[PDB]
Amino acid sequence: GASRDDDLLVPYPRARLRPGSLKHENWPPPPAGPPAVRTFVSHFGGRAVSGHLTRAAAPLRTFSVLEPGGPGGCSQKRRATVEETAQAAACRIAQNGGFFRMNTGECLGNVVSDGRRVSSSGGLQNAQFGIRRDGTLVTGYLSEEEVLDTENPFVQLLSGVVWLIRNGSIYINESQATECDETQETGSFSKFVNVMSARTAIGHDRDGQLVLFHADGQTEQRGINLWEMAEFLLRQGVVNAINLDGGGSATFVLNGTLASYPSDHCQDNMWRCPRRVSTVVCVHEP
Amino acid sequence: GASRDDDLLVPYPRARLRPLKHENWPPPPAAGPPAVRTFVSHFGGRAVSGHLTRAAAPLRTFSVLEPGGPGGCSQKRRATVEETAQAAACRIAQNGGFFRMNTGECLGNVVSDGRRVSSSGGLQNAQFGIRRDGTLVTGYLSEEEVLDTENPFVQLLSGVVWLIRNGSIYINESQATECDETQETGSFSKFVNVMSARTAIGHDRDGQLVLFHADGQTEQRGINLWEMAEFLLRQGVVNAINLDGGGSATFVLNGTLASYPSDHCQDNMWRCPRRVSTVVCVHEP
Ligand SMILES: *[C@@H]1O[C@H](CO[C@@H]2O[C@@H](C)[C@@H](O)[C@@H](O)[C@@H]2O)[C@@H](O[C@@H]2O[C@H](CO)[C@@H](O)[C@H](O)[C@H]2NC(C)=O)[C@H](O)[C@H]1NC(C)=O
Ligand SMILES: *[C@@H]1O[C@H](CO)[C@@H](O)[C@H](O)[C@H]1NC(C)=O
Ligand SMILES: [Br-]
Ligand SMILES: [Br-]
Ligand SMILES: [Cl-]
Ligand SMILES: [Cl-]
Ligand SMILES: [Cl-]
Ligand SMILES: [Cl-]
Ligand SMILES: [Cl-]
Ligand SMILES: [Cl-]
Ligand SMILES: [Cl-]
Ligand SMILES: [Cl-]
Ligand SMILES: [Cl-]
Ligand SMILES: [Cl-]
Ligand SMILES: [Cl-]
Ligand SMILES: [Cl-]
Ligand SMILES: [Cl-]
Ligand SMILES: [Cl-]
């Protein structure tokens, strides 16, 4: 019927509730095509791992954040596979997006899909990547006051854990202090950053183009952590980037069909089944 | 728009020039959609990624294609699995028999839509084909029956090594038939023992088609031929044969790439699919 949801990469085993200044970076839009998908099997720390790197021009026109099963997915606490959501949205390239609660399925953190707020952070502060109507690519942390600005408002936005790069500099350490909570253990979260597994990320490059990353693997066995990931991205010319859901949620859909190897297993156990995720990251051409 | 052709797995570095029973499975008496299964399983203590496929009604769901459409081998053409599969609107497709990289010729007996497109030329290798009545053939055959008007072939291709016979491994028995005396004795045995990405084709007792794919790299990542054949046998394949592998190892699903090619691009950093000869296609009315 679906996945067994075994390969879990959880930043917080204890669900966070709804009860150092924090600012964000914005990159103006250079004036300007199809995406550029690149498959690879490269070595990190002596381990070969497979993944994908994507590039798109006109993020304001080719980028979109989708809800599980179409508009209103988060409002109904819905969960759908990247293929189902991508096939319905006719996305050239698609992969899983923000985090969620597996059992309930609601979308956690700020989320903007086509100028519509679908989820709110609720006082919590994590890494977020969004685009404003003027065409500026934003990354980092924003307050709900800035999120709600009606002058050059966000058109597409999602949130993830850790801010991977800021202005061409690694920003993991700066996120470890900001995005870590003290009520939960400090080593359950630090593992989420250091443990090896399949994960995804999103960012942009010096030329003003959107970037999407995906790496296959397994929790503790195969894949990469967040440290190894950022360096490869810097080698690829990304300015700002944030991490996204990974583990069994790591899914890369190309032309509406699965192109990655999910980490989770099927009920039959032998085979790997894609996970039903909340929001999806979509790239297309009108 | 082409591969760098770095990951080479050659059964014979020295090209052979132009100078025996088979098994057949009758059609059991009765059509579900194909079953594509992603996996990361352990072979000799190392995990490798791949796909395993199965289709019923091979007489109705199986097809052998030429690179870029009909006449591909006749024109010594080379095309990517995606290119050939997209034109045929195949749900599941992967590279097939071997070919000459320099010229582009298709090696071994090949039947695409009931027409012989290439001949073995006196050489004897493992072959998998289907006859119009529904009989599934595997092993070695003489040209008299191949072109015979008795249950003529509708789909046929050739590859190196016969992996399984009647639910039993036939590699040892195949090495004796498929061993050459002109080539060195260690290049071919390595071809069987070396670990890398390869593909295979076979069938089950119920009369269903099977297709296999395993990602990897020559000698670095993947599996050899010994580990590969058994995984299918544990899954209920009766007969199976090996197919082209290495940089040609490609799995295309619904017309799009779903595997990780071993070859590199001219840019070097990225991996590019290789342009192959014949392709195996699976679709539904
Ligand atoms: C490859 O593509 C097919 C999509 O094809 C269509 O889907 C349906 C409309 C059905 O009528 C098929 O015959 C069509 O050709 C995927 O198969 C299906 O997806 C749809 C979901 O919208 C579903 O209704 C079908 O039942 C699906 N078929 C199966 C076997 O599940 C197929 O999964 C695609 N493969 C991948 C990896 O995306
Ligand atoms: C798949 O990607 C290729 C890349 O060029 C594109 O040409 C093709 O249109 C895509 N598939 C569909 C159904 O659009
Ligand atoms: Br939470
Ligand atoms: Br040869
Ligand atoms: Cl600035
Ligand atoms: Cl590139
Ligand atoms: Cl290691
Ligand atoms: Cl609610
Ligand atoms: Cl979040
Ligand atoms: Cl495992
Ligand atoms: Cl569209
Ligand atoms: Cl091409
Ligand atoms: Cl090589
Ligand atoms: Cl196994
Ligand atoms: Cl296990
Ligand atoms: Cl071994
Ligand atoms: Cl692999
Ligand atoms: Cl003919």
# chains A, B, ... in the order shown; residues from 1 in each chain; ligands from 1

$ residues_near_ligand --ligand "ligand 15" --cutoff "10 Å" --atoms "only C-alpha atoms and all ligand atoms" --output "list in words"
residues 269 and 270 of chain A; 41 and 42 of chain B

$ write_last_selection --atoms "C-alpha atoms" --output "PDB file, in the first residue's frame"
ATOM      1  CA  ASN A 269      10.551  -5.429   3.250  1.00  0.00           C
ATOM      2  CA  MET A 270      12.896  -6.406   0.414  1.00  0.00           C
TER       3      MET A 270
ATOM      4  CA  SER B  41      20.348  -5.201  -1.113  1.00  0.00           C
ATOM      5  CA  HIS B  42      23.516  -6.815   0.204  1.00  0.00           C
TER       6      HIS B  42
END

$ select_by_dssp --residues "stretch 41-116 of chain B" --states "alpha helix (DSSP H)" --output "list in words"
residues 58, 59, 60, 61, 81, 82, 83, 84, 85, 86, 87 and 88 of chain B

$ residues_near_ligand --ligand "ligand 8" --cutoff "8 Å" --atoms "only C-alpha atoms and all ligand atoms" --output "count of residues only"
4

$ residues_near_ligand --ligand "ligand 14" --cutoff "10 Å" --atoms "only C-alpha atoms and all ligand atoms" --output "list in words"
residues 270 of chain A; 39, 40, 41, 42, 43, 44, 47, 227, 228, 230, 231, 232, 234 and 235 of chain B

$ interface_residues --of "chain A" --to "chain B" --cutoff "7 Å" --atoms "only C-alpha atoms" --output "list in words"
residues 38, 39, 40, 258, 259, 260, 261, 270, 271 and 272 of chain A

$ write_last_selection --atoms "N, CA and C atoms" --output "short mmCIF file (atom, residue, chain, number, x, y, z; two decimals), in the first residue's frame"
data_model
loop_
_atom_site.label_atom_id
_atom_site.label_comp_id
_atom_site.auth_asym_id
_atom_site.auth_seq_id
_atom_site.Cartn_x
_atom_site.Cartn_y
_atom_site.Cartn_z
N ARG A 38 21.92 17.25 -13.38
CA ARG A 38 23.21 16.58 -13.46
C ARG A 38 23.22 15.41 -12.48
N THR A 39 23.33 14.20 -13.00
CA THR A 39 23.51 13.02 -12.17
C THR A 39 24.98 12.84 -11.81
N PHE A 40 25.22 12.25 -10.65
CA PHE A 40 26.59 12.05 -10.20
C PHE A 40 26.67 10.90 -9.21
N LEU A 258 9.73 8.58 -10.56
CA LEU A 258 10.78 8.47 -9.56
C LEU A 258 12.12 8.21 -10.23
N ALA A 259 13.14 8.96 -9.82
CA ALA A 259 14.49 8.79 -10.35
C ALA A 259 15.52 8.52 -9.26
N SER A 260 15.13 8.53 -7.99
CA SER A 260 16.02 8.25 -6.88
C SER A 260 15.74 6.85 -6.33
N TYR A 261 16.47 6.49 -5.28
CA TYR A 261 16.30 5.22 -4.59
C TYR A 261 15.87 5.49 -3.16
N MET A 270 11.75 -6.34 1.31
CA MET A 270 12.90 -6.41 0.41
C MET A 270 13.03 -5.14 -0.42
N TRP A 271 11.92 -4.60 -0.92
CA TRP A 271 11.98 -3.48 -1.84
C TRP A 271 11.86 -2.16 -1.08
N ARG A 272 12.31 -1.09 -1.72
CA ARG A 272 12.26 0.25 -1.15
C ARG A 272 11.07 1.01 -1.73
#

$ residues_around --residues "residue B:26" --least-positions-apart "5" --cutoff "8 Å" --atoms "only C-alpha atoms" --output "list in words"
residues 134, 135, 136 and 207 of chain B

$ residues_around --residues "stretch 215-226 of chain A" --least-positions-apart "3" --cutoff "6 Å" --atoms "only C-alpha atoms" --output "compact mmCIF listing (two decimals) with C-alpha atoms, in the first residue's frame"
# COMPACT_ATOMS: atom_id res chain seq x y z
CA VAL A 49 27.24 8.33 -2.99
CA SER A 50 24.72 9.01 -5.76
CA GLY A 51 22.69 12.18 -6.09
CA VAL A 193 23.49 17.18 11.46
CA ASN A 194 26.38 14.70 11.69
CA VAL A 195 24.63 11.39 10.96
CA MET A 196 24.92 10.02 7.42
CA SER A 197 21.73 9.55 5.40
CA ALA A 198 19.83 10.66 2.31
CA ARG A 199 18.89 14.34 2.41
CA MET A 229 27.00 18.30 1.66
CA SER A 263 15.64 4.60 1.84

$ residues_around --residues "residue B:11" --least-positions-apart "6" --cutoff "9 Å" --atoms "only C-alpha atoms" --output "list in words"
residues 160, 187, 188, 189, 190, 191 and 192 of chain B

$ write_last_selection --atoms "C-alpha atoms" --output "tab-separated table (two decimals), in the first residue's frame"
chain	number	residue	atom	x	y	z
B	160	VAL	CA	27.41	-13.23	-23.26
B	187	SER	CA	40.32	-11.46	-19.59
B	188	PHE	CA	37.10	-13.45	-20.03
B	189	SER	CA	37.15	-15.15	-16.62
B	190	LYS	CA	37.55	-11.69	-15.11
B	191	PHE	CA	34.53	-10.56	-17.14
B	192	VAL	CA	32.51	-13.16	-15.23

$ residues_near_ligand --ligand "ligand 3" --cutoff "7 Å" --atoms "only C-alpha atoms and all ligand atoms" --output "number ranges by chain"
A: 12, 14-17

$ write_last_selection --atoms "N, CA and C atoms" --output "CSV table (one decimal), in the first residue's frame"
chain,number,residue,atom,x,y,z
A,12,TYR,N,14.0,16.4,15.9
A,12,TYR,CA,13.6,16.5,17.3
A,12,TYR,C,12.6,15.3,17.6
A,14,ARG,N,11.1,14.8,20.2
A,14,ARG,CA,10.0,15.4,21.0
A,14,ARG,C,9.4,16.5,20.2
A,15,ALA,N,8.1,16.4,19.9
A,15,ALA,CA,7.4,17.4,19.0
A,15,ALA,C,7.4,18.7,19.6
A,16,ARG,N,7.9,19.7,18.9
A,16,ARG,CA,7.9,21.1,19.3
A,16,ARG,C,6.5,21.7,19.2
A,17,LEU,N,6.2,22.5,20.2
A,17,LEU,CA,4.9,23.1,20.4
A,17,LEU,C,4.8,24.5,19.9

$ closest_atom_pairs --of "chain A" --to "ligand 11" --cutoff "8 Å" --atoms "only C-alpha atoms and all ligand atoms" --output "CSV"
residue,atom,partner,partner_atom_place_in_ligand_line,distance
A:89,CA,ligand 11,1 (Cl),7.0
A:90,CA,ligand 11,1 (Cl),5.7
A:91,CA,ligand 11,1 (Cl),7.4
A:284,CA,ligand 11,1 (Cl),6.8
A:285,CA,ligand 11,1 (Cl),6.4
A:286,CA,ligand 11,1 (Cl),4.9

$ residues_near_ligand --ligand "ligand 7" --cutoff "9 Å" --atoms "only C-alpha atoms and all ligand atoms" --output "list in words"
residues 44, 45, 46 and 47 of chain A

$ write_last_selection --atoms "N, CA, C and O atoms" --output "mmCIF file, in the first residue's frame"
data_model
loop_
_atom_site.group_PDB
_atom_site.id
_atom_site.type_symbol
_atom_site.label_atom_id
_atom_site.label_comp_id
_atom_site.auth_asym_id
_atom_site.auth_seq_id
_atom_site.Cartn_x
_atom_site.Cartn_y
_atom_site.Cartn_z
ATOM 1 N N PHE A 44 32.827 11.200 -1.010
ATOM 2 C CA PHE A 44 32.963 12.078 0.143
ATOM 3 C C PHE A 44 33.530 11.297 1.316
ATOM 4 O O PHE A 44 32.941 10.298 1.742
ATOM 5 N N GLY A 45 34.677 11.742 1.816
ATOM 6 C CA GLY A 45 35.319 11.042 2.919
ATOM 7 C C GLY A 45 35.555 9.578 2.636
ATOM 8 O O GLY A 45 35.430 8.738 3.537
ATOM 9 N N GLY A 46 35.880 9.245 1.389
ATOM 10 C CA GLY A 46 36.142 7.872 1.021
ATOM 11 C C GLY A 46 34.915 7.029 0.765
ATOM 12 O O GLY A 46 35.029 5.799 0.731
ATOM 13 N N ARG A 47 33.744 7.641 0.591
ATOM 14 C CA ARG A 47 32.510 6.910 0.342
ATOM 15 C C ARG A 47 31.857 7.455 -0.917
ATOM 16 O O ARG A 47 31.717 8.673 -1.069
#
